[PDB]
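Whatever order the structure lists ligands and atoms in, that order sets their numbers, starting from 1. So you know, we letter chains A, B, ... as the sequences are listed, proteins then strands, and number each from 1.
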Amino acid sequence: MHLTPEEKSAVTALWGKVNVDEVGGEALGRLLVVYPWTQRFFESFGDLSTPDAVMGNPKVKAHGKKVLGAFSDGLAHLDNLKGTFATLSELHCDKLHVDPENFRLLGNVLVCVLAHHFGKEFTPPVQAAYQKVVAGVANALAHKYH
Amino acid sequence: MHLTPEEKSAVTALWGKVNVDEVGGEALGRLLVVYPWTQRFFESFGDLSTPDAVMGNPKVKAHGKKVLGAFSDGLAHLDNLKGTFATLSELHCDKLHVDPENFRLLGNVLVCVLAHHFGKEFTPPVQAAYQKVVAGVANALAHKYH
Amino acid sequence: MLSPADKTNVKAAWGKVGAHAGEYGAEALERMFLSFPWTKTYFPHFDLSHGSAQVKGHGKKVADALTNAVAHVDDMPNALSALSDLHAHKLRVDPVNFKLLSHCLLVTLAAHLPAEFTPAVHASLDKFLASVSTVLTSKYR
Amino acid sequence: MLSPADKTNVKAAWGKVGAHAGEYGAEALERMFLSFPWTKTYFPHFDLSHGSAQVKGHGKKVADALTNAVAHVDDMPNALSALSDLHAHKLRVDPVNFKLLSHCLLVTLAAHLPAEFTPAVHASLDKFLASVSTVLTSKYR
Ligand code: HEM
Ligand code: HEM
Ligand code: HEM
Ligand code: HEM
C-alpha cells in the first residue's frame with residue numbers, strides 16, 4: 001500500500017513490541033468468539049463451545065501463531081503485499097475455500113487486540129496506519145480469488 | 001480495470017444501444033426512490049415526495065443525464081479510470097461532500113436498470129462484466145477522498 | 001419494516017413469477033457466481049457449470065423458501081425458523097453474501113418482469129429481500 | 001438479539017465507563033475520522049481538528065444516547081425513537097457508516113478498559129452496537 005514514512009515508522013515501532021504468538025492466539029480466538037460463524041473452518045480443532053474453551057484451545061493458539069507470523073513477514077514487504085501473499089491467496093481460494101470477508105473481520109479484531117494490549121499508546125493516528133495495513137493485507141489475500 | 005477482450009466487447013456492444021439521457025434519468029430516479037437517504041444532496045431539486053414525483057422531476061432527469069454522460073465517457077478509458085475521474089473525484093470529496101458509498105448504490109441500480117431495459121440480452125456473463133465496470137468507476141471516483 | 005403497500009407490491013410481483021420461481025432462482029445463483037466469485041467458496045461440492053442440476057435444484061429450494069416467505073410476510077421469523085437455524089449453526093455463510101444474492105435476485109426479476117418492475121415495486125422488493133436476509137441471519141450470535 | 005448475559009456484560013462495561021463516556025465518545029469520533037476519512041463527508045460544517053469543541057460536544061451527545069440505550073436495553077426502539085427519526089429523515093447518513101463508528105467505539109473501549117474487555121464482553125458490546133445501529137437505521141425506508 002501507500003503509507004507515509006511517519007505511518008510506516010508508527011507501524012514498525014509498535015510491532016517490535018508484539019509477542020506474535022500471544023497476540024496471534026488472542027486475535028484468532030476472539031475472531032471465533034465474536035463472529036462464531038468463522039468456526040466453520042475449524043471443526044477439526046476440538047471444543048469451541050464457550051469463550052473459555054476457544055481461548056484456551058491449543059489448536060486455536062497454534063493456528064493463530066501461524067497466521068500472525070505470515071502477517072508479520074508481510075510487514076516487511078508493505079510495498080508489495082500482493083506479490084508477498086499471492087501463493088497464500090491462491091491456497092485460501094482453491095484449497096481452503098475461505099470467504100475473503102473473513103480476512104476483513106480478522107483485521108478488525110486484530111486492531112481491537114492491539115488497542116487492548118497497548119492502551120493509550122495505540123493512538124488514533126497509529127490506529128489509522130494499522131487500518132490501512134490490515135485492509136491492504138486482506139486485499140492482497142483476496143487478490144487471486146476466482 | 002481488467003476486462004478480458006470478450007468482456008470489453010460485451011460492455012461496448014450493449015452500451016451502443018443505450019439512450020444515455022433516458023437510462024440516466026431512470027437510474028438516478030430509482031436511486032432516489034429505492035434508497036431515499038440519497039435525496040440528501042438534492043433538496044434544491046423540488047418535489048421528491050413520491051416515486052412518481054421523483055421519476056418525473058426534470059432536475060432529476062437533467063442530473064441523471066449529466067452523470068451517465070460522464071460515465072459514458074469513462075467507458076472509453078476503461079484502461080485508466082482513475083486518471084479519467086481524478087478531477088471529479090476531488091470535486092465530489094472537497095466540494096460536494098458525497099459519501100462514496102453512494103457511487104456503489106448507483107452502480108447497482110444502474111445494473112438493475114440495464115437488466116430491466118434489455119431483458120434476456122442482459123445475460124449473466126454480461127452482468128458480470130458490467131459489475132466489474134461499475135465497481136471500477138466507483139473506485140475511481142473514491143480514489144482522491146481524504 | 002414492510003408497509004402494507006410493500007406487501008401488496010411483493011405479492012403482486014411474486015404472483016407474476018408464479019411457476020418460474022425455480023428457474024429464476026437458478027438464474028440468480030448463476031448471476032451471483034459469475035459477478036461475485038467469492039460466493040463460490042460456499043459451494044466447493046457443487047458442479048457450478050452452466051445448467052448444472054445441482055444449481056437448478058438449489059435454485060428451486062431458494063425460490064420455494066421465498067415463496068413461503070411471501071405467503072407469511074406478516075410472520076416471517078416463524079415461517080423461516082428452520083432455515084435461520086440451518087444458516088446460523090450449520091452453513092454459517094457470512095452475512096455480507098446475502099446482499100449479493102439479493103441484488104442478483106433483483107436483477108433476475110428485472111430481466112423477466114419488464115412491466116412489473118416499477119420504481120415502487122423495485123423498492124418494495126429490495127426491502128423485502130433485506131428483511132428475509134435479516135431473518136436468516138438472526139440467530140448467528 | 002441480546003441475551004440476558006449480553007445485557008449484563010454491556011451494563012457492567014458501560015458502568016465502568018461511567019463519567020468518561022463523553023471523553024470516550026469524542027475519541028471514537030476522532031478515530032473514525034482518521035481511519036475512515038469518508039465519514040468526514042457528513043461533517044463539512046465542523047472543525048475536525050484535534051481537540052475541537054465541536055467534536056467533544058458531539059462526542060458527549062453520542063455517549064449520552066448510548067447511555068440512554070443501555071438504561072433501556074429492553075426497550076431500545078422507543079428510547080431512541082427521536083434519534084432514529086433524526087437520522088432517517090434529516091441527517092440521512094448511509095447505514096454503512098454505523099459499522100465504522102461502532103468499530104471505533106469498540107477500539108476506544110478496548111484501549112481504556114484493559115481489565116473489562118474480555119472476549120465475552122467484546123462479543124456482547126459488538127452485538128449491542130449492532131442493535132443500536134439497527135434501531136437508528138430502522139426508519140430509513
Ligand atoms: C491475516 C490473514 C491470514 C493469513 C496471513 C493467513 C495465513 C495462513 C497460513 C500461513 C496458513 C498455512 C498454509 C500452509 O499450510 O501451507 C494458513 C492456513 C489456513 N488458514 Fe489462513 N491466514 C489468514 C487468515 C485466515 C482466516 C481469517 C481464516 C478463516 C477464519 C483462515 C483459515 C485458514 C485455514 C482453515 C487454514 C488451514 C489450516 C490447516 O490446515 O489446518 N485464515 N493461513
Ligand atoms: C456514476 C457516478 C457519478 C458520476 C460519473 C458523476 C458525475 C458528475 C458530474 C459530471 C457532475 C457535474 C460536475 C460539475 O459541475 O463540474 C456531478 C455533480 C454532482 N454529483 Fe456526481 N456523479 C456520479 C455519482 C453521484 C452520486 C451517486 C451522487 C449522490 C447521490 C452525486 C451527487 C452529485 C451532486 C450533488 C452534484 C452537484 C450537482 C449540482 O451542482 O447541481 N453524484 N457529478
Ligand atoms: C435469500 C436468501 C437465501 C435463501 C432464502 C436461502 C435458502 C436456502 C435453502 C432453502 C436451502 C436448502 C436447505 C435444505 O436443504 O433443507 C439453503 C441451503 C444452502 N444455502 Fe442458503 N439461502 C439464502 C442465501 C444463501 C447465501 C447468500 C449463500 C451463500 C453465498 C447460501 C448458501 C447455502 C448453502 C451452501 C446451502 C447448502 C447447499 C447444499 O449443500 O445442498 N445461502 N439455502
Ligand atoms: C452509535 C451510533 C450513533 C449514535 C448513538 C448517534 C447519536 C447522535 C446524536 C445524539 C446526535 C445529536 C442529535 C441532536 O442534536 O439532538 C447525532 C447527530 C448527528 N449524527 Fe449521529 N449517531 C450515531 C452514528 C452516526 C454516524 C455513523 C454518523 C456519520 C458518520 C453520524 C452523523 C451525525 C451528524 C452529521 C449529526 C449532526 C451533528 C451536528 O450538526 O451537530 N451519526 N447523532
Residues passing the salt bridge (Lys or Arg N to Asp or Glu O under 4.0 Å) test with C:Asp74, sequence neighbours excluded, are C:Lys7

Atom 24 (C) of ligand 3 sits nearest the protein heavy atom C:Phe98 CE2, 3.5 Å

- Query: Is the count of non-hydrogen atoms from other residues, nucleotides or ligands lying under 6.0 Å from B:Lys144 atom NZ greater than 12?
  - Reply: no

Counting from 1 in the order shown, the ligand 4 atoms closer than 4.0 Å to a non-hydrogen atom of D:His45 are 39 (C), 40 (O)

closest protein heavy atom to atom 27 (C) of ligand 3 is C:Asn97 O, 3.4 Å

For atom 21 (Fe) of ligand 2, protein N, O or S atoms at a distance below 2.8 Å amount to 1

On a heavy-atom basis, the closest approach of D:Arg31 and D:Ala111 is NH2-CB, 4.3 Å

What do you think, any protein heavy atom under 4.0 angstrom from atom 43 (N) of ligand 2? yes

Ring geometry between C:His45 and C:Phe43 (parallel below 30°, tilted from 30 to 60°, perpendicular above 60°): parallel

Going by the 4.0 angstrom heavy-atom rule, the piece of B:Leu91 near ligand 2 is side chain

Note to self: Is it true that, when you exclude D:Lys127 itself, more than 12 heavy atoms of the residues, nucleotides or ligands shown sit nearer than 6.0 Å to its NZ?
What the structure shows: yes

Checklist entry - Do the ring planes of B:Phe71 and B:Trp15 sit parallel (below 30°), tilted (30 to 60°) or perpendicular (above 60°)? => result tilted

The closest protein heavy-atom partner of atom 32 (C) of ligand 3 is C:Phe43 CZ, 3.5 Å

Listing protein N, O or S under 2.8 Å around atom 21 (Fe) of ligand 4 gives D:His87 NE2

Across all chains, not counting sequence neighbours, the side-chain contact (heavy atoms from CB on, under 4.5 Å) partners of C:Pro95 are A:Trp37, C:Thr137, C:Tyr140

Quick look: B:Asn102 vs ligand 2, heavy-atom contacts under 4.0 Å, and the answer is both

In terms of its nearest heavy atom to atom 35 (C) of ligand 4, the top option of D:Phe128, D:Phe46, D:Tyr42 is D:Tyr42

Closest non-hydrogen contact found for D:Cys104 with A:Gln127 is SG-NE2, 4.0 Å

